[PDB]
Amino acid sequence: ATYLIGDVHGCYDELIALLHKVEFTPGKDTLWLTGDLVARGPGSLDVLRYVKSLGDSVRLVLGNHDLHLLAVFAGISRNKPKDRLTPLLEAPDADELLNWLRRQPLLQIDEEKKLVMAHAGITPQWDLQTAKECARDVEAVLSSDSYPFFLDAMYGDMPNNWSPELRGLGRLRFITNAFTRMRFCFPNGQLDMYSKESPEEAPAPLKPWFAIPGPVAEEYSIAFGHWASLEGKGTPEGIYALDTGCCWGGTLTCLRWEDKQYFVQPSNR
């Protein structure tokens, strides 16, 4: 069976309880995770140890908190107490866990399931070939010996409009923002990097990225996490918003792909 779970955010107990509810069995089943494995919840260290141990039984995409953890580890960014990352950063296997984490994808594609995953979704300004190339380019910098320079460069809110002509720092920043921070778009597909509200709470003319017809969404189902204020609701056919806010006191959601059946684990608080 194939299971897809939204942002875990260090909620190790809820993750394991949900996997036991569906009797997840590595070697028979595959787990897809929308990223943001770490921060806010208490068990980021246990989450990373477990997800790394799954090997080929898990298909991960990196989220914005996963990249932020890497930036803290590399001395690029300051550790925020609220993120609760210190046990992971101080662990004796921190190097092993985080060198594994930075090698993971930003984008997963299964052609037989006609299924795409990324943390925030797929901007409507990208076709599939472009999304693949952009994921490959950022994955290459993150997996390289020089990844702290990219982590430092990734911070920024501009440019917010895609063009194949983008080069350099702006190209990489846009790619990172589209895969890991996107929520709202302007009508022309341009990213808005400020509003984090629900679609009904947002100011005009902002619309969800998935409300703008895009070439990927026209041919593939898209699963994503990230947008907790969406509460997993309000999406069109073929768009699966899996982040129901476990770390915020919401729920952890798991979708089984074969029958589109949902399983939910309440937050422990």
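From 1 onward, residues are counted along the sequence shown.
Averaging the C-alpha B factors as listed in the entry, name the stretch that ends up higher: 155-163 or 138-146.
Per the PDB entry, the higher value belongs to 155-163.
Of 164-172 and 96-104, the one with larger mean CA B-factor:
Taking the mean B-factor of the alpha carbons in each, 164-172 is higher.
Between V61, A241, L48, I212, which one tops the list for Cα B-factor in this entry?
Highest C-alpha B-factor among the listed options: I212.
Looking at the C-alpha B-factor values in the deposited entry, which of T30, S229, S44, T34 comes out highest?
That would be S229, according to the entry.
Considering every modelled residue of the chain and its Cα B-factor in the PDB entry, is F179 in the lowest, middle or highest third?
Lowest third.
Where the record places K207 (Cα B-factor, split into thirds across the chain):
For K207, the deposited C-alpha B-factor lands in the highest third.
Using the B-factor values recorded in the entry, state whether the Cα atom of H119 falls in the lowest, middle or highest third among the modelled residues of its chain.
Its C-alpha B-factor, which the entry lists for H119, ranks in the lowest third among residues of this chain.
Lowest, middle or highest third: which one holds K52 when the chain's residues are ordered by CA B-factor from the entry?
For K52, the deposited C-alpha B-factor lands in the lowest third.
Once the chain's modelled residues are ordered by C-alpha B factor and cut into thirds, is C11 in the lowest, middle or highest one?
As the PDB entry reports it, the C-alpha B-factor of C11 lands in the middle third of its chain.
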